[PDB]
Each structure stands twice: as structure tokens, then as C-alpha cells.
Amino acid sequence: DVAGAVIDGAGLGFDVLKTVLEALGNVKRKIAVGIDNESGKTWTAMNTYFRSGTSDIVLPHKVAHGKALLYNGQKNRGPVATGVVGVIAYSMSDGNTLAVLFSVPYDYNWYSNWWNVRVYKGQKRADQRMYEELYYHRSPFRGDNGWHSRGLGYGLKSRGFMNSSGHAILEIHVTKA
């Protein structure tokens, strides 16, 4: 149960993500991310785009139906104080792309936690433009310590939870609609 790994989806919960979170050490801004694939189809990792921060971890390469991937990120170590803000992109075996946004900002005087989930038609890499769409234009969810559900189209739906703090967990379940 480490970041970079896949577990059984039914075992995804706050406990597993907290353990991933706690393993990163005392850093101001950091995130544990778990995405449970119940979509009926296998996911293959494309890439992650980091608008801010980074990860030492490889995206789990293959994530089968019934499995959850565990991932994490943290703020830049270097001289520029950043949050951790990015987009994970997975290829689904229908030819389409599952994209997940997380934003855990540095400066809470101006910003707060957000996340989003969207299915993109065809094969699309995570990048700056994708981040802008998901952050500014596709109705992202607040990290408000509550669950939010939404149809993704393609017969899939998402149910997800993100906490409100700079020590952030993001838990998402992708199911059949």
C-alpha cells in the first residue's frame, strides 16, 4: 500500500491515503491520490502534467477494472514556493482518456483546494491547456470535505472526495452510470 502501486479497489479509503500522505514527511503542501477503476475497462498510464510541484513516483502503468491506483505529489523543494497542482492522464482501452485534476495551492489568502474528473474523447496527453480547461472551464469540485458525484458520459460516472487542507487526500471512484 504505497504510492506507485495498485491495490484492490474495494480497499481504497481514507486510511490507505492517509498512510501514503504521512509517508511524504513534514512538507507544507502535499497530496495522496487514489483513483478506483470500476469502469469495466483497463487503464494504461499516459503522463502527469504538473502546473506546480512534482512527484517522485511513477504512475501505475496498468490499472485493471476492480483495481485502485495510489499516487502522490508535493510542492517544489527548490527556491520557488509552490503548491501541488496537476493533471493525471490515463488511456482507457476504448481509445479515450481519463483526466484527473488536483490543486493544493501554496497561498490560501487567494486560493483553495480544487479537483476535477473528465473523460476526453480520444488520446490526449496531460498538459497546460488541459489543466486550464479542468481548473477554469469544466466546473471543478472544491476540496471541501464532502462527496460530489457527476456523470462523465461514455456510460461512466465519478464519485469523489477531497479534504480542505494543505495536507490533502483525493479519493475518486469511476463507476458505470
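C-alpha atoms forming the largest set that superposes within 1.5 Å between two forms make up the rigid core. Residue positions are given as counts along the sequence shown, with the first one as 1.
Engineer: Which segment is farther from the shown form on average in 5 other deposited structures of this protein after a rigid core fit, 112 to 120 or 22 to 30, going by CA atoms?
Structural biologist: It is 22 to 30 that deviates more in 5 other deposited structures of this protein.
Engineer: Quick one: with the core lined up, is it 76 to 84 or 103 to 111 that wanders further in 5 other deposited structures of this protein, going by C-alpha RMS?
Structural biologist: Stretch with the larger root mean square C-alpha distance in 5 other deposited structures of this protein: 76 to 84.
Engineer: Comparing 36 to 44 with 135 to 143, which has the greater mean CA B-factor as deposited?
Structural biologist: On average, C-alpha B-factors are higher across 36 to 44.
Engineer: Between 119 to 127 and 45 to 53, name whichever shows the higher mean Cα B factor according to the PDB entry.
Structural biologist: Averaging CA B-factors over each stretch, the winner is 119 to 127.
Engineer: Could you tell me which one of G86, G78, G83, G73 shows the highest CA temperature factor in the PDB record?
Structural biologist: The record points to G78.
Engineer: By the record's CA B-factor, is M92 among the lowest, middle or highest third of residues in the chain?
Structural biologist: For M92, whose C-alpha B-factor we compare with every modelled residue in the chain, the answer is the highest third.
Engineer: If you rank every modelled residue in this chain by C-alpha B factor, which third holds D8: lowest, middle or highest?
Structural biologist: Middle third, going by the recorded CA B-factors of the chain.
Engineer: By the record's CA B-factor, is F161 among the lowest, middle or highest third of residues in the chain?
Structural biologist: Lowest third - that is where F161 ends up once the chain's C-alpha B-factors are sorted.
Engineer: Quick check on the deposited entry: does the C-alpha B-factor of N113 sit in the lowest, middle or highest third of its chain?
Structural biologist: It falls in the bottom third of the chain.
Engineer: In terms of the chain's CA B-factor thirds, is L21 lowest, middle or highest?
Structural biologist: CA B-factor rank for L21: middle third.
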